[PDB]
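Following this are structure 1 and structure 2, which are two forms of one protein chain, each written alone as structure tokens.
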Structure 1
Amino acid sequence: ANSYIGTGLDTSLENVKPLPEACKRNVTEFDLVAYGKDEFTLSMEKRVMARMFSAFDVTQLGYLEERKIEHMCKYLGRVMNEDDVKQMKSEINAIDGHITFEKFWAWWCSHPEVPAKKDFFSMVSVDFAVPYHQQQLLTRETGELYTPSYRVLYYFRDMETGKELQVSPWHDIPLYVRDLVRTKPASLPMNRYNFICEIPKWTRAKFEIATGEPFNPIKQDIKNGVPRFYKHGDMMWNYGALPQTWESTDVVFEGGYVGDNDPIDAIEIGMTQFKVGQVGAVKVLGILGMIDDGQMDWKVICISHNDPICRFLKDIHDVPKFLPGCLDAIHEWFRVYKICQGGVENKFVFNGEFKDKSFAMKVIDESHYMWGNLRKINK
């Protein structure tokens, strides 16, 4: 389809006579039609109309029957109704039934058709919709910061009723951000999750999802009325959890390591700091399996979908390409952050390698699968 215009059916390439308006200027007829002046029109359509007439006349005799002429006009985009068929057979003068191209072409060019009437619109849909009222997540701070009263609460504002409910950011904020109708490539896999930030980039004060309290707010880590802070240094990336997940203790991971009874941890390596309790969509890129006291303490490595570089980061191997030093720094921070308190370096499975996204994603599901049961056992 780069030489000459065709029929759109099945034919040979050899015997079709190339528009005489093309051979003359030695330019294919495709180039002539698309990029030439409009003089390769009515006279140009003629030959493309003659070759298509030859394409329905397979028993190449020199004419079609009033039955073929019919679909061909359906083929060429024309809305042939009964009131226009008889008109056709009436106009077309062939008392024997046979119609020659010359006769057909002349008739065609003399009846663009009746565009009037009522221009029809097919309403055929598959009507697939949902009642679900999109909810707006809201986060309100209350209490005084760096004291046992400060909390971060979560709410849904019905974007239809405008009514508000308090939710658990752990149970009610979707782990998977899905789209009713996904328009991104079929070929490109789904990688969009919600991330709840607990410890903001560049800070060292401890906060956590209160798994004990109702609606699981975000509270600060406070022992005997004094707030707690990481002493090794500040968290240099947003650090929080992926909601709707649970590292169950009743379970064994990568050898003989039990979960830590916590929602899975995530580290957001983007350049933008989140506020305590802030939720945002992330892209999972890998996972670091650390052991926290014989417990399997993973760390999902994700990047905010809103980061300048998220698009160039496909898997865990590109992080060193665009964010050199990041992983080794992330590794090292976690490996040694307890030593300043008089503990010892933490250990890792997989020889501390940052396992890729597919590995990370499976881990996330299992974590999600366990949260699901915890929902039913406790209900």
Structure 2
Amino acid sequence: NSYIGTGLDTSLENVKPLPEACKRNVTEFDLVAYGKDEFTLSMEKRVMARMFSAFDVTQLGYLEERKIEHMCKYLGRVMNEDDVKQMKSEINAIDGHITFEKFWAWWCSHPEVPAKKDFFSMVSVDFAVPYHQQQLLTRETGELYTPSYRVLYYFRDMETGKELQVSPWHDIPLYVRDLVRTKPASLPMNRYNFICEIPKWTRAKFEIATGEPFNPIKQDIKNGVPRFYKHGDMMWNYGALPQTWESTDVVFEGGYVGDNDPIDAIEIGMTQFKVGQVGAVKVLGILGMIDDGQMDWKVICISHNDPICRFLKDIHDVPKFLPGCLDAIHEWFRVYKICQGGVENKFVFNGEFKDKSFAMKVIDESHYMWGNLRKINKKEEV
């Protein structure tokens, strides 16, 4: 804030502020921004004149018609091949030297074409990338608490409306990706899909049937009697991330001893998911538990739709808004087998909750192994 600038490199010192500003003791910025009146023609002149001198770099007192033409395009005027001619004719400056007065006289007399505006620039990267969006659908079938119970998945082409059964394991994308991401680039990507197997506040077991076609969710029934966590209810939604695989075969050079299931995840928002429900989550960290000698990661995440999600930036924020959460999660997994004759479970990294960068890395390795699990089978049989 001070005075109206031209927008080209200049110098303060010898520029005289419009008189109406000085008289009032208000800067020009302030007068044009907040003064209720518009600038007079007298006032615009003194401004355009300063613009003229700016363009007059060789400060010679006039400008060549090629400059006056850039200046015009700089001031916003649409100067086509025709218009430029009309200006020269108007100024009729045989030597092509145009004075300010002659310029200003011409400007004021030709507020250029009205509706000619009807020109719209259409340049565009034209990233013509069309696609039928799918809407995920789930359907239960069978009787709850029996072996027929299954939660099936389908995509609905919201274009054709055709339904197709899909595998929540292979078909639901792991990363939730925007075709054109609008969130600040300064903000890293953290948006994943999560599949609830066991809802918050419940102890009945369910899981993705990795062995059946389309990988529907089934109840864990053994000898015709549904299974349950006897230790107590679960208190967060427990589930899994799609397109991942904790291979029991080490598959790369820093490979661990997976358990052959999609990576496990715990979502800590306030809302209970229903069985097999899918939703976008934000990964906050991870906890490594040992299960029968196998590495059994539990990704800690929170639904993007929870009211506090936006304040939970990493795993250190959880004890700040959900005190007790990470302690209860840790203690619950350490001891859930003891009431069944088992013993406490052990954890890697001293049972500490690793942060999001660490989690996301584990999640990618898991995505990678899921990917290579596809290659081997998807290609060999084919």
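We call the rigid core whatever largest set of C-alpha positions still superposes within 1.5 Å between the two forms. By convention here, residues take numbers in order along the sequence of structure 1, the first being 1.
Practice item. Quick one: lay the two forms over each other on the core and tell me which of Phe253, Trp246, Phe207, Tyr193 moves its CA by at least 2 angstroms between structure 1 and structure 2. Key: If I go through the list carefully, the shifting residue is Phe253.
Practice item. Answer yes if the CA of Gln135 moves 2 Å or more between structure 1 and structure 2 after aligning the rigid core, and no otherwise. Key: Where the cores coincide, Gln135 shows only a C-alpha shift between structure 1 and structure 2 that is less than 2 Å.
Exercise for review: Align both forms on the core first, then report whether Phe40 has a C-alpha shift of 2 Å or more between structure 1 and structure 2.
Suggested key: Shift of 2 Å or more: yes.
Practice item. Look at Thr100 and decide if its Cα position differs by 2 Å or more between structure 1 and structure 2 after superposing on the rigid core. Key: Where the cores coincide, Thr100 still shows a C-alpha shift between structure 1 and structure 2 that is 2 Å or more.
Practice item. Can you read me the CA shift for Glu65 between structure 1 and structure 2, rigid core superposed, in Å? Key: A shift of 2.2 Å.
Point to revise | Shift in Å of the C-alpha at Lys118 between structure 1 and structure 2 after core superposition | key: The shift comes out to 5.4 Å.
Check your understanding: Once you lay the two forms on top of each other by their rigid core, how far has the C-alpha of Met80 moved between structure 1 and structure 2, in Å?
Key -> Its alpha carbon moves by 1.6 Å.
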